[PDB]
Amino acid sequence: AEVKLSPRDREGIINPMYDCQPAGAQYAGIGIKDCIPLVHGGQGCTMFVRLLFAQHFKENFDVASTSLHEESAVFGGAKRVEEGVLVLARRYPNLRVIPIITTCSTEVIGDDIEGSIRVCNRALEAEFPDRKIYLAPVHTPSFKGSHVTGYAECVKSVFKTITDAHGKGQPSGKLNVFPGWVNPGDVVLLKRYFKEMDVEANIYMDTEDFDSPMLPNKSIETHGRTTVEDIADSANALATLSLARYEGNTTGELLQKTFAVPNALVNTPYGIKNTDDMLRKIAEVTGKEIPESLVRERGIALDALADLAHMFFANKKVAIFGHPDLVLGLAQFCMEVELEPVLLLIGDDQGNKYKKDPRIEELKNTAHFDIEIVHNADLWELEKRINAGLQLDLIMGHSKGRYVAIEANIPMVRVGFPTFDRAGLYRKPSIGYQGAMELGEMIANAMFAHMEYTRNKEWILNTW
Amino acid sequence: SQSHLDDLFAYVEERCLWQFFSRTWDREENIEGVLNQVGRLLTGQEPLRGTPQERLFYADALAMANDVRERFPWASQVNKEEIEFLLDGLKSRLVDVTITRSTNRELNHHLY
Amino acid sequence: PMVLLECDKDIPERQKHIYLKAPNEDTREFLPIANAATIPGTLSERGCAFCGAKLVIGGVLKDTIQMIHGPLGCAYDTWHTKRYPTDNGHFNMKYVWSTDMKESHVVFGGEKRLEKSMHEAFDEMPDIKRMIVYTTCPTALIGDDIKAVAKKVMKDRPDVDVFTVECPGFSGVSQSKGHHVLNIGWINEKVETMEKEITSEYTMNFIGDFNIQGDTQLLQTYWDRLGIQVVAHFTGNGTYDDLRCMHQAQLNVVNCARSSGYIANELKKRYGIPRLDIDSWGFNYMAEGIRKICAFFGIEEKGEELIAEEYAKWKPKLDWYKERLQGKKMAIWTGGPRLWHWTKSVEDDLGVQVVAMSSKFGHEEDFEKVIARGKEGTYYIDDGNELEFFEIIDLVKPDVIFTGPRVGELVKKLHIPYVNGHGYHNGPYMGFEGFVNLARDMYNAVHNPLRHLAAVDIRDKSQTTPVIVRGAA
Ligand code: CLF
Ligand SMILES: [Mg+2]
Ligand SMILES: [Mg+2]
């Protein structure tokens with residue numbers, strides 16, 4: 001009967017849900033081909049984030065530091081930016097894009113990033129006359145927002161930089177697609193959907209090849225596939241499809257204001273209805289029919305979920321944490337399969353935006369159970385509520401919440417970022433029809449294993 | 001002989017850590033303290049095991065003395081004076097390479 | 001000689017950081033620069049000073065709140081990244097704390113935000129009464145006086161004890177600075193602020209061991225067998241209050257001389273406790289260390305009984321691995337000390353030839369040690385970077401690399417296997433059993449069917465797919 005938004009009631013954080021803005025800016029940048037982000041700050045701001053990406057993906061990604069040291073903290077760090085850009089350019093001959101990402105240190109000391117970019121542009125034009133390197137200023141102070149906001153800021157700044165340089169050309173006939181912060185498997189699903197619907201689209205950023213092969217020829221293919229050319233062509237698109245309000249919609253709006261490319265923000269496609277509505281929007285903007293192949297994939301997903309919903313899911317209580325577009329989308333998916341998402345945790349200071357999200361209203365009008373949405377949440381909020389008596393049958397969230405579930409003896413499905421404590425999840429779609437099916441089956445299989453380990457009617461797994 | 005000294009020096013360099021302490025004064029103390037006990041042990045003299053520092057120089061020295069006797073047949077053949085002479089040359093060489101000509105810029109920092 | 005790599009032609013200052021050991025050289029003329037400023041934009045492996053204080057040393061403790069005064073990233077980034085178990089359910093790995101610094105705190109100060117966070121942390125976990133507070137980049141820059149806040153909290157809450165560390169990430173050049181600041185503050189402020197019961201004639205501290213995969217708990221089986229009381233472990237499987245008792249020990253045994261030599265040196269200066277450096281990795285090294293400890297205490301026969309049993313249990317397996325690992329080439333790209341603890345121990349005990357080594361943050365002291373113990377024809381790199389790693393692989397062609405997981409995932413593409421040189425694969429790796437565990441992981445890494453499979457191009461009609469025969473000790 002009531003969906004209530006409330007903030008965390010503590011000033012401090014125990015067990016943060018998200019990383020800081022610069023980490024999200026790094027994630028945006030590593031999806032660009034021939035890009036090495038340069039993180040202007042102390043060394044930990046780079047190295048810890050490279051480790052985080054290795055935890056999620058089990059791969060290396062290249063990011064550099066400006067190595068701020070004590071002298072720059074007293075006199076300013078511009079010379080560290082300028083050196084860092086040239087040392088990148090000189091040692092990586094194919095490098096084309098450097099997002100220059102600020103940190104808490106370099107925001108506090110007020111280094112003039114745009115001034116350093118003018119110096120480096122002059123230096124690079126003189127030293128490498130036949131090269132163009134795009135330097136994008138990315139302002140990501142860590143004392144506001146989160147890696148979610150930092151992702152969105154970097155995407156927007158890179159797009160502004162590159163489209164500023166190339167402007168509007170000939171119509172491409174393509175869609176721009178900003179899926180937000182999703183896995184390689186989600187990108188693979190979207191590419192299939194557009195191919196089956198005969199819709200040309202660029203997916204920003206294209207992270208499919210983050211899951212790179214170990215090849216006979218020892219080649220390294222672990223790269224973003226989105227090129228300068230692909231980003232520049234965004235000016236020429238027929239439309240933008242933005243799937244994530246907090247993860248790239250603001251770039252869709254920028255391209256609408258600058259280049260009159262109409263932006264369509266839709267619910268993030270977690271679950272069946274949200275996928276349906278995404279495909280209807282694609283059909284509306286392109287004039288292309290939804291193919292039979294997607295009716296069939298949808299029907300296969302529904303068939304699978306129907307084996308689970310009333311038998312194993314109905315009336316089971318769920319807590320969900322992760323990025324806001326993921327939390328809100330998964331809550332809607334859960335209700336489609338008769339799960340009851342009673343506790344939604346969103347991890348940053350953007351509550352004044354979340355209060356206006358139309359999906360809150362979609363929950364307030366649908367749910368038959370109270371939902372608490374805690375914004376500015378940490379993961380201690382979850383643990384403390386369980387310790388105070390909250391009864392949960394399932395947790396859905398990323399791997400940094402694992403000990404909460406382990407100790408409480410609650411089954412947990414790993415979703416969102418980072419999912420380092422299970423194998424291969426970055427390759428499994430979560431969005432779309434196949435993604436809904438895969439999520440539902442992870443939920444059931446986690447419950448099934450729990451029933452066996454706890455001897456809770458484990459004999460029932462025979463004739464369902 | 002120079003060969004015997006070269007044997008002792010190559011052993012200490014590849015095996016021991018006490019010559020590589022954090023400051024000049026500690027390297028000097030250890031080179032003197034350990035190698036004086038080595039001399040005692042290799043010449044059948046009563047080791048000094050009074051103070052905690054003495055006991056520790058004995059412990060380091062015992063490993064080296066046992067290893068030198070096991071590795072180098074000459075160390076059981078040369079006389080007391082010859083052992084002493086070699087160990088004096090070894091102190092000089094260890095001070096030369098770990099202190100006098102070390103470019104380790106922390107060695108004379110007054111504070112730890 | 002010193003080496004100018006092709007990838008460093010435009011950063012030629014790197015030549016004084018890279019030594020290739022050649023016959024007959026006076027190594028005093030070729031000591032890498034170390035512990036100097038990083039070059040921006042290189043993809044250096046270095047971390048920050050805050051990491052060296054909280055992640056490496058302080059965060060190991062099993063009963064202490066780790067309050068990171070700063071924005072939430074520094075906290076997020078040092079959580080779910082270490083493998084230092086405890087015997088109390090891994091409290092240290094389950095939790096991290098942040099003051100969640102916001103823009104208003106940059107403007108107006110963060111001292112009241114810290115104070116409030118501290119009391120919240122003690123209120124949320126009423127069984128925990130110890131805390132370390134760390135500064136980070138922006139709380140250092142705005143001048144919050146965390147020692148004065150801690151003083152007020154301890155006045156207001158007399159059942160807690162709080163320690164503070166100033167270690168913003170821009171301090172020093174690397175993690176090394178954090179070690180130093182923490183070590184000296186601890187001995188200045190907290191040693192000899194309580195005492196414990198002495199239950200043995202033989203007492204020691206074990207200084208510079210962080211319980212990676214249970215290393216400290218494995219070594220503790222030796223001290224219990226020998227009847228030695230360990231007053232404090234700095235800091236593996238440790239407690240805040242045990243560290244306040246360090247002055248009581250008769251002997252300080254040091255393994256990590258880089259991170260923790262500082263406090264051993266000050267304990268000797270101030271309390272007369274001798275510093276004994278050992279190697280607690282390496283099979284024959286562990287025997288030497290036990291014999292020195294036992295010679296210091298006058299319990300030599302107890303030491304020889306322990307060594308004999310451990311060799312009877314483990315040496316046959318060690319020698320099985322040596323037969324199969326002899327002549328394999330290894331690289332070690334870690335922080336610094338494991339270079340000099342491992343180069344000669346894998347050579348002696350496993351027949352492995354270490355052909356390239358890189359230290360993130362070692363000092364000239366660490367290079368003295370590793371060059372003294374290391375081979376001719378080996379590369380010794382201070383503050384190595386990613387392009388240098390590729391050029392070095394092309395020069396020395398290692399069969400295995402001991403390094404962190406991200407680099408391990410990079411060199412996998414070149415079909416080179418890795419062992420996690422930091423957090424281990426299947427540890428512990430200290431002690432007699434531990435070196436057998438290290439050898440097993442090395443063996444399974446290199447003699448791995450997947451490596452052979454990856455090299456086959458199925459399109460080549462001249463190629464078949466091989467089968468390899470493995471073994472087990
Ligand atoms: S070098 Fe080290 S990890 Fe970096 S900030 Fe500095 S103490 Fe910390 Fe912190 S919140 Fe994020 S991760 Fe940085 S931008 Fe600031
Ligand atoms: Mg069916
Ligand atoms: Mg030698």
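Residue numbers start from 1 in every chain, and the chains themselves are labelled A, B, ... in the order their sequence lines are given, proteins ahead of strands.
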- Inspect the contact between C/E111 and C/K116 and indicate whether a charged nitrogen and a carboxylate oxygen are less than 4.0 angstrom apart. no
- Message: Regarding C/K152 and C/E115, does a basic nitrogen lie under 4.0 Å from an acidic carboxylate oxygen?
- Response: yes
- Item | Intermediate values then yes/no, ring-ring contact (aromatic ring centres under 6.0 Å, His included), A/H147 and A/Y27 | CA-CA 9 Å; A/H147 74 223; A/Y27 177 67; 8.5 Å; no
- Query: Using the ring of each side chain (for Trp, its six-membered ring), is A/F420 parallel, tilted or perpendicular to C/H80, with breaks at 30° and 60°?
  - Reply: tilted
- Item | Those residues that, when tested against C/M67, pass side-chain contact (heavy atoms from CB on, under 4.5 Å) (two or more places apart) | C/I65, C/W97, C/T99, C/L114, C/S117, C/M118, C/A121, C/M131, C/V133
- Do NZ/NE/NH1/NH2 and the carboxylate oxygens of C/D161 and C/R130 come within less than 4.0 Å? no
- Ion pair A/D378/A/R10, N-O distance below 4.0 Å: yes
- Is it possible for you to check whether A/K353 lies under 6.0 Å from the centre of the six-membered ring of A/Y246, through NZ or CZ, and within 45° of that ring's axis? no
- Message: Can you classify the ring geometry of C/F91 versus C/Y95 as parallel (below 30°), tilted (30 to 60°) or perpendicular (above 60°)?
- Response: tilted
- Item | Carboxylate-amine/guanidinium contact C/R406 C/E45, below 4.0 Å | yes
- Message: Tell me if the centroids of the rings in A/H323 and A/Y18 come within less than 6.0 Å of each other.
- Response: yes
- Does the distance from a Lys or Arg side-chain N to an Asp or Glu carboxylate O, for C/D156 and C/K151, drop under 4.0 Å? no
- Message: Exactly one of A/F61, A/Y426, A/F53 should register a ring pair (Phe, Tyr, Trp, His ring centres under 6.0 Å) with A/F210. Which one does?
- Response: A/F61
- Is the gap between the ring centers of C/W186 and C/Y240 under 6.0 Å? yes
- Name the orientation class of the two ring planes belonging to A/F417 and A/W181 (parallel below 30°, tilted from 30 to 60°, perpendicular beyond 60°). tilted
- Message: Test of understanding: with side-chain contact (heavy atoms from CB on, under 4.5 Å), list the residues that count as partners of C/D127, not counting sequence neighbours.
- Response: C/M125
